[PDB]
Trainee: 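I have a structure here, written as structure tokens, and I will follow up with some questions on it.
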There are 2 protein chains.
Amino acid sequence: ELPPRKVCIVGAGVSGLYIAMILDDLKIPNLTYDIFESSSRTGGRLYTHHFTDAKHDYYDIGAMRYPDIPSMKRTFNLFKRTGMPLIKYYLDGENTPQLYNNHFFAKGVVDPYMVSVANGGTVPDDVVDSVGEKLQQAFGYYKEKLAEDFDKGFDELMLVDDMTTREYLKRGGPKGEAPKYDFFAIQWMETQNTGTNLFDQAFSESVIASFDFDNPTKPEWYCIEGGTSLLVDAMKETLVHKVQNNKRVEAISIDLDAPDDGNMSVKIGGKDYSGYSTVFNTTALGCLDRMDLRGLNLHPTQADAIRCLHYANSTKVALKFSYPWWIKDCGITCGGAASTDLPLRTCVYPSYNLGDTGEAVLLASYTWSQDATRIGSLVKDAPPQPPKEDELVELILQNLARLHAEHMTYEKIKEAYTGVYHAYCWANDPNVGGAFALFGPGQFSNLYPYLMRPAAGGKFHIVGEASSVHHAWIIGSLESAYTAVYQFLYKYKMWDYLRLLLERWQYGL
Amino acid sequence: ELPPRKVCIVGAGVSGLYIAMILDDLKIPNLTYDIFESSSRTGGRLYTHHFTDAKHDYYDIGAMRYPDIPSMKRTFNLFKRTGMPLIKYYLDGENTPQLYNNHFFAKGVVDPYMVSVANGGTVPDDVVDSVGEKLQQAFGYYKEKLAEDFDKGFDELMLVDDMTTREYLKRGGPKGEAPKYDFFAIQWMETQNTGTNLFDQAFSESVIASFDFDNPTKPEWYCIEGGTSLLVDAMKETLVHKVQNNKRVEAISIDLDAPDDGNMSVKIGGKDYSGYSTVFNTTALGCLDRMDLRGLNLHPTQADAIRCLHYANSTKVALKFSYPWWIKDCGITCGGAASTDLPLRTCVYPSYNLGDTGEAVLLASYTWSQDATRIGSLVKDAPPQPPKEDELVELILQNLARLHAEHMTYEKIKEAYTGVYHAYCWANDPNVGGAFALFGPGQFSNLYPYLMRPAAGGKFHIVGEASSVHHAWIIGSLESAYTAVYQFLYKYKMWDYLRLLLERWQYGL
Ligand SMILES: Cc1cc2nc3c(=O)[nH]c(=O)nc-3n(C[C@H](O)[C@H](O)[C@H](O)COP(=O)(O)OP(=O)(O)OC[C@H]3O[C@@H](n4cnc5c(N)ncnc54)[C@H](O)[C@@H]3O)c2cc1C
Ligand SMILES: Cc1cc2nc3c(=O)[nH]c(=O)nc-3n(C[C@H](O)[C@H](O)[C@H](O)COP(=O)(O)OP(=O)(O)OC[C@H]3O[C@@H](n4cnc5c(N)ncnc54)[C@H](O)[C@@H]3O)c2cc1C
Ligand SMILES: N[C@@H](Cc1ccccc1)C(=O)O
Ligand SMILES: N[C@@H](Cc1ccccc1)C(=O)O
């Protein structure tokens, strides 16, 4: 018979909720848990904003789209477990505009943006129209290895993890046998492939992001109709022990002189909470670094990983319009997205309101990295009516006009704007401190192993999307939580329940 | 006589104020200007926060310290010209603690922080105690060349500008004849030299920053007694045409189908302001990228520079204490700064209140890059009292207690805290979008020439610290503003006043 044990789950995001769901499912005798959530809200970076309760009057501030690829199977099993209403998401739509250097894209014209050297720009002629082909040549070997077996593909990719994307492109790979590209060719590839400056981060991350967004299997994509927050509601409902919101952990400790299993504690608001056999920290690493972790005696390089593993910013801006003018007036009837070098960078047409004829939401700006930091600096809490008086609104409307200048005027977009919008910059969220992990050069191969290293005698686990090989996806959160529960059961020699974990949760539900 | 001409200065920071002061000094007949400032406040990144009107009850949110090195002569000339009350600033002080891996620094001790391989860390034994010496070996050649002639030293430095600092350290320089360092040695060097992740930006910037802070001439440092904003006040008082605050330029344009000199215009809140013969934009580049610049027909790589040139974040947190416990209880009597791997990173002891025995300000946290983004996520406008409930206040007090554990307790520091503090995160300022330019690899040698390329027939100038080789210093702003005025006078062949510019303003005041 198992002695009474209590574990602590720090953070009620999808990873912390997944840990509780797994523990609830295994039904281990005399085992309990507490879930402390710093925010008054539960879900973390699963966060649907509802403008009203109307059916499609929302947008997802955090996670929103899911590729049906084999490496994401655990995410889709969680969708099945909780009965999520999945519908098709259109990564690529029809008639979506692309606007660079104030020129619209056109198929089969050489250098439509007028950025090539032959047209007075600095992009080499043989690169300007061949970005996808040359990034495929740079990423494609590793992408196919990842498609056969993600873990073994990752281990081979780690042999070049010391390089940034720019570095790999500049030197022609690790030994100069790949093509070498000058600064402006690499710069154009970054402009056409990702957010500003992100090619100065890890090459391995550019490969994995390309694996996820441009997967060799050419997958179907999905969204959750009604918002991703429906997943949080369903996970919360099943909890045996409910989330305790407004409980921000500021310190974590283990008492190595105590003989007991439950010799760990966390401090919340100056008060001590002890008796825990294991602590799962599921917060973003910036939040973990603010805690007093001295009582845990972390390996010095593990502490370095908490502080230094790189995070990228992301900002989203969603506007409500009286009718879907992008559908009706521009023929953008199947989702997709418009991309531009204008400040909004990416305008995402929702896949969930394509049949609606009245009020409709447009995810008017979705940015990463410096683009998101620049948009996020306009994201305040008490903006002013009218639109022109709000700098962010006016910027978005002007960028939308230029981006859709083939069919709309600024005047008619402005008149369709209801005056209702919402924006969010994840780096300004004190409960995250960033959007998601996006490691720099050498971090996966050098710092990440020490982040995942056993701490406090195998009783402390750093959990979350950053503690995964799938950054910035729900799947990384779920894998990290599953792995941590494995280690917990292994640590306490609960062989019956570890075997049950592998039987029920390795491939599924 | 000269025909009447009008120029427009976008931005009332030190760049735009310097332009107006130069034009005021040259007294060019029938030449006028308008200065438009987006903010209700004038000064930009010269920004003193005054807790009260008491003599020393302030801290500088932006610029605060100035090294008396030859490359900084134009800044001190500006100080001299405006009668600034300069006092000595102590970059290094007495008894300043250094805290890494929860260990304090101790001279003459091997690996006092317990981070080397010999003590269970990952920092190479030959690196852990030699960061200053190995970085000097990596930067010193170029630092000495910059000391002889900054411009010629910069041009030689550009021959390795394709490399990041980490890349230069990893590969042993451009051809592998310098020492090669593994990831953890480079990581420790970054931890001990700059802010988190900044070794993943340009090697040239790490060299220039080392040249500024650790100059071979080993210079005296100075600050402005009463706050740097006294410089803004003095420059404002001299202006012939006063700053127009709350005037945010959203578009800049030139009418090439108009024969007049004054064929340029700017839009402010929908209304046009035309008749300008030249426009000086002095704003940060993120601010410029949000403007509609189509009417200027910028070179596409110049527009890329505006979007992509990298900015670093920075955040400051200052706390008021009933008495300077760092002076009286810790022997920290001569300014300096305490450095740590804790969230606050750097605690600066002011040099302007060393004789005070009552209320004193402490610049408790001064951070850059990801450190500043994480601290800045706690910077809100209406936080709660008491300190325990403001997460930022509590974090700072806790970090301060650990940093000064050799002489203070958390309880004594907390009781000395008045409850009055201020914080500021420059990336959250919509009038800047960042702290200052910190270019990535290859950006100085590739993007920066196009940023500085003549535009709109020589009538548009991108001015400011980012538009110089001295990023994040007043000197960069002054040099850029001086160079733009030169090119304006050259463009209109005002040879008499160009000669007067060189006579009075080249090494002038
Ligand atoms: C803009 C954006 C878009 C995304 N889009 C997608 C997408 O399309 N598809 C996809 O699969 N993934 C997407 N993701 C990724 C996905 O949202 C995340 O990977 C995942 O939700 C993170 O889960 P987590 O539990 O690991 O972290 P979190 O969600 O951050 O959970 C951690 C929790 O801990 C709490 N916490 C923090 N500090 C403390 C403390 N001191 N004490 C207690 N609790 C604390 C936080 O409030 C939070 O609730 C996106 C992420 C972002 C930022
Ligand atoms: C945290 C920090 C510390 C620093 N410390 C030092 C130091 O110790 N020593 C030193 O020498 N330097 C220091 N600097 C650097 C120095 O402060 C700057 O280099 C300099 O002040 C910038 O001057 P600027 O005029 O080029 O830019 P800014 O100061 O940014 O001036 C631009 C102005 O334009 C305005 N503007 C923006 N958008 C618009 C628009 N659309 N229309 C009109 N106006 C607009 C802005 O509000 C601003 O007032 C520091 C900088 C920072 C961020
Ligand atoms: N998965 C998220 C976040 C992400 C950003 C960039 C690269 C990879 C993932 C998205 O679909 O946008
Ligand atoms: N001038 C700023 C930032 C800076 C750091 C390093 C080099 C250049 C500028 C400071 O005093 O810290």
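The figures here come from the full heavy-atom set of this structure, side chains too, leaving out hydrogens, waters and symmetry mates. A, B, ... follow the sequence lines: proteins, then strands. Residue 1 opens every chain.
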Trainee: Tell me the closest heavy-atom pair linking B:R41 and B:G44, and the distance in Å.
Mentor: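 It is NH2-O, 2.8 Å.
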
Trainee: Could you walk me through whether B:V14 and B:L78 satisfy the side chain to side chain contact (heavy atoms under 4.5 Å, CB included) test, starting with their C-alpha distance in whole Å, then the side-chain angles of each, then the deciding distance to 0.1 Å, before giving a yes or no?
Mentor: CA-CA 10 Å; B:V14 78; B:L78 178 55; 4.2 Å; yes

Trainee: Under 3.5 Å, side chain of B:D129 to main-chain N/O of B:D111, donor-acceptor pair present?
Mentor: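 Flag set: sc B:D129 to bb B:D111 pair under 3.5 Å.
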
Trainee: Please find the pair of heavy atoms, one from A:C425 and one from A:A372, that lie closest to each other, and give the distance.
Mentor: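 Closest heavy-atom pair between A:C425 and A:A372: SG-O, 4.2 Å.
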
Trainee: Would you confirm whether B:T340, through its side chain, and B:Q98, through its main-chain N or O, come within 3.5 Å as a donor-acceptor pair?
Mentor: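 Flag not set: sc B:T340 to bb B:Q98 has no pair under 3.5 Å.
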
Trainee: Considering non-hydrogen atoms only, spot the tightest contact between B:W326 and B:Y323 and give its length.
Mentor: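 That closest heavy-atom pairing would be CZ3-O, 4.3 Å.
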
Trainee: Taking B:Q187's backbone N and O only, do any of them form a donor-acceptor pair with B:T191's side chain (distance below 3.5 Å, no angle check)?
Mentor: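 Confirmed, B:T191 side chain pairs with B:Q187 backbone.
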
Trainee: Going by an N to O cut-off under 4.0 Å, is there a salt bridge joining B:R248 and A:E391?
Mentor: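 Yes.
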
Trainee: For the residue pair B:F79 and B:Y66, is the inter-centroid distance of their aromatic rings smaller than 6.0 Å?
Mentor: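 Ring-ring flag for B:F79/B:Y66: true, centres closer than 6.0 Å.
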
Trainee: Quick check against the 3.5 Å criterion: does B:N101 have a side-chain atom that pairs as donor or acceptor with the backbone of A:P300?
Mentor: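 Side chain of B:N101 to backbone of A:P300, a donor-acceptor pair under 3.5 Å: no, none is there.
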
Trainee: To the nearest 0.5 angstrom, please state how far the NE2 atom of B:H56 sits from the CG atom of B:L354.
Mentor: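 Here the interatomic distance stands at 9.0 Å.
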
Trainee: Is there side-chain contact between B:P387 and B:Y417, with heavy atoms separated by less than 4.5 Å?
Mentor: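 Yes. Closest side-chain heavy atoms under 4.5 Å.
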
Trainee: Can you find a pair of side-chain heavy atoms, one from B:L362 and one from B:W325, that are under 4.5 Å apart?
Mentor: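 A side-chain contact under 4.5 Å exists here.
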
Trainee: Going by side chain to side chain contact (heavy atoms under 4.5 Å, CB included), name the residues that satisfy it together with B:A312, two or more places apart in sequence or in a different chain.
Mentor: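 With sequence neighbours excluded, B:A312 shows a side chain to side chain contact (heavy atoms under 4.5 Å, CB included) to B:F436, B:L438, given in chain and number order.
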
Trainee: Under the ring pair (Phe, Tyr, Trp, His ring centres under 6.0 Å) criterion, do B:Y58 and B:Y352 qualify, and how do the steps go?
Mentor: CA-CA 10 Å; B:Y58 68 87; B:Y352 51 91; 4.4 Å; yes

Trainee: Does the side chain of B:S351 come within less than 4.5 Å of B:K88's, by heavy atoms?
Mentor: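 Result no, sub-4.5 Å side-chain heavy-atom pair not found.
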
Trainee: Among B:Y349, B:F104, B:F321, find the residue that satisfies the ring-ring contact (aromatic ring centres under 6.0 Å, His included) test when tested with B:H404.
Mentor: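 Per the ring-ring contact (aromatic ring centres under 6.0 Å, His included) rule, the option paired with B:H404 is B:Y349, out of B:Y349, B:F104, B:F321.
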
Trainee: Under a plain distance cut-off of 3.5 Å, with no hydrogens placed, do A:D272 and A:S274 share a side-chain donor-acceptor pair?
Mentor: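 No, because no side-chain N or O of A:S274 sits under 3.5 Å from a partner of the opposite role on A:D272.
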
Trainee: Around atom CD of B:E411, are there more than 12 heavy atoms from other residues, nucleotides or ligands closer than 6.0 Å?
Mentor: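 More than 12 heavy atoms, drawn from other residues, nucleotides or ligands, come within 6.0 Å of this atom.
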
Trainee: Between B:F213 and B:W221, is the ring centroid distance below 6.0 Å?
Mentor: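 Yes: the rings meet the under 6.0 Å criterion.
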
Trainee: Is the backbone N or O of B:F199 less than 3.5 Å from a side-chain atom of B:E190, with the two atoms forming a donor-acceptor pair by type?
Mentor: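 Yes; at least one donor-acceptor contact below 3.5 Å.
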
Trainee: Go through the steps to decide whether B:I474 and B:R74 satisfy the test side chain to side chain contact (heavy atoms under 4.5 Å, CB included), and finish with yes or no.
Mentor: CA-CA 9 Å; B:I474 287 180; B:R74 180 181 298 275; over 6 Å; no

Trainee: To the nearest 0.5 Å, how far apart are CG in B:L285 and OG in B:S467?
Mentor: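 One finds 6.0 Å between CG of B:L285 and OG of B:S467.
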
Trainee: For B:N102, check side chain to side chain donor-acceptor pair (under 3.5 Å) against everything at least two apart and list the hits.
Mentor: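 Partners of B:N102 by the side chain to side chain donor-acceptor pair (under 3.5 Å) criterion, ordered by chain and then number, come out as B:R402.
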
Trainee: Run the side chain to side chain contact (heavy atoms under 4.5 Å, CB included) test against A:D289 and tell me which residues pass, sequence neighbours left out.
Mentor: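 In terms of side chain to side chain contact (heavy atoms under 4.5 Å, CB included), with neighbours along the sequence ignored, A:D289 is linked to A:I306, A:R307, B:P343, B:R374.
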
Trainee: For the pair B:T418 (side chain) and B:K320 (backbone), establish whether a donor and an acceptor sit closer than 3.5 Å, ignoring hydrogens and angles.
Mentor: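 It does hold such a pair.
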
Trainee: Is B:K414 salt-bridged to B:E394, cutoff N-O under 4.0 Å?
Mentor: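 Yes.
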
Trainee: What pairs meet the side chain to side chain donor-acceptor pair (under 3.5 Å) rule with one or both residues in residues 231-242 of chain B, with sequence neighbours excluded?
Mentor: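 For residues 231-242 of chain B, and leaving out neighbouring residues, there are no side chain to side chain donor-acceptor pair (under 3.5 Å) pairs at all.
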
Trainee: Kindly compute the distance separating CD (B:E220) from NZ (B:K218), expressed to the nearest 0.5 Å.
Mentor: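 If we round to the nearest 0.5 Å, B:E220:CD and B:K218:NZ are 10.5 Å apart.
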
Trainee: Does B:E415, at its CD atom, have more than 12 non-hydrogen atoms belonging to other residues, nucleotides or ligands within less than 6.0 Å?
Mentor: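 Count over threshold, so yes.
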
Trainee: Give a yes or no on whether a salt bridge exists between A:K247 and A:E37, defined as a side-chain N under 4.0 angstrom from a carboxylate O.
Mentor: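 Looking at A:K247 and A:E37, the cut-off is not met.
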
Trainee: For B:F76 and B:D68, which heavy atoms make the closest approach, and how far apart are they?
Mentor: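 Closest heavy-atom pair between B:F76 and B:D68: CE1-CA, 3.7 Å.
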
Trainee: Is B:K412 paired with B:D329 through a side-chain N to carboxylate O contact shorter than 4.0 Å?
Mentor: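 Yes.
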
Trainee: Looking at A:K380, I want to see if its NZ is surrounded by more than 12 non-hydrogen atoms of other residues, nucleotides or ligands under 6.0 Å.
Mentor: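 More than 12 heavy atoms, drawn from other residues, nucleotides or ligands, come within 6.0 Å of this atom.
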
Trainee: Using ring pair (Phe, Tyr, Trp, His ring centres under 6.0 Å) as the criterion, list what pairs up with B:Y47, not counting sequence neighbours.
Mentor: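 Applying ring pair (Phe, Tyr, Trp, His ring centres under 6.0 Å) to B:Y47 gives B:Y424.
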
Trainee: Looking at A:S377 and B:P430, would you say the former's side chain and the latter's main chain have a donor-acceptor pair under 3.5 Å?
Mentor: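 No; zero donor-acceptor contacts below 3.5 Å.
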
Trainee: Does B:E465 pair with B:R45 as a salt bridge, N-O distance under 4.0 Å?
Mentor: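 Salt bridge between B:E465 and B:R45, a charged N being under 4.0 Å from a carboxylate O: yes.
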
Trainee: Go through it in stages, so that I can follow the logic: the residues are B:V10 and B:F36, the test is side chain to side chain contact (heavy atoms under 4.5 Å, CB included), and I'd like the CA-CA distance, side-chain angles, deciding distance and then a yes or no.
Mentor: CA-CA 5 Å; B:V10 190; B:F36 300 117; 5.5 Å; no

Trainee: What's the separation between atom CG in B:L397 and atom CG in B:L319, rounded to the nearest 0.5 Å?
Mentor: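 Taking CG in B:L397 and CG in B:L319, the distance rounds to 6.0 Å.
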
Trainee: For A:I375, is there any backbone N or O sitting under 3.5 Å from a side-chain donor or acceptor partner on A:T315?
Mentor: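 Answer holds: no.
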
Trainee: According to the interplanar angle, ranging from 0 to 90°, do the rings of B:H49 and B:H422 count as parallel (below 30°), tilted (30 to 60°) or perpendicular (above 60°)?
Mentor: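 Parallel, since the angle between the ring planes stays under 30°.
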
Trainee: When you look at B:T196 and B:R345, which way does the side chain to side chain donor-acceptor pair (under 3.5 Å) test go after all the steps?
Mentor: CA-CA 10 Å; B:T196 301; B:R345 286 327 298 276; 3.2 Å; yes

Trainee: What closest approach, in Å, do B:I475 and B:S71 show between heavy atoms, and which atom pair accounts for it?
Mentor: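 So the two residues come closest at CG1-O, 3.3 Å.
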
Trainee: Are there over 12 heavy-atom neighbours, none belonging to A:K271, within less than 6.0 Å of that residue's NZ?
Mentor: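 Yes.
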
Trainee: From B:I9 CD1 over to B:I19 CD1, what is the distance, rounded to the nearest 0.5 angstrom?
Mentor: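 Nearest 0.5 Å value for the CD1-CD1 distance: 5.0 Å.
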
Trainee: Got a donor-acceptor contact below 3.5 angstrom from the B:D356 side chain to the B:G358 backbone?
Mentor: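 It does not hold such a pair.
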
Trainee: Please enumerate all residues that pass side chain to side chain contact (heavy atoms under 4.5 Å, CB included) together with B:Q192, with sequence neighbours excluded.
Mentor: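 Scan of B:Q192 (side chain to side chain contact (heavy atoms under 4.5 Å, CB included), adjacent residues dropped) gives B:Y100, B:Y113, B:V131, B:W188.
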
Trainee: Is the closest side-chain donor-acceptor distance between B:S369 and B:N313 under 3.5 Å?
Mentor: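 No.
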
Trainee: So which atom in A:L296 and which in A:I252 form the shortest heavy-atom distance, rounded to 0.1 Å?
Mentor: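 For A:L296 and A:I252, the tightest heavy-atom pair comes out as CG-O, 3.4 Å.
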
Trainee: Are any side-chain N or O atoms of B:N197 and backbone N or O atoms of B:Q370, one a donor and one an acceptor, separated by less than 3.5 Å?
Mentor: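 Between the backbone of B:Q370 and the side chain of B:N197 there is no qualifying donor-acceptor contact (under 3.5 Å).
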
Trainee: Going from CG on B:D60 to OG on B:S229, what distance comes out if it is rounded to the nearest 0.5 angstrom?
Mentor: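 Going from the CG atom of B:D60 to the OG atom of B:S229 covers 6.5 Å.
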
Trainee: Could you please spell out the steps behind the side chain to side chain contact (heavy atoms under 4.5 Å, CB included) verdict for B:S477 and B:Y18?
Mentor: CA-CA 9 Å; B:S477 289; B:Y18 197 68; over 6 Å; no

Trainee: Does one side chain, of B:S40 or B:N245, offer a donor that lies under 3.5 Å from an acceptor on the other?
Mentor: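 Side chains of B:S40 and B:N245: no pair found under 3.5 Å.
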
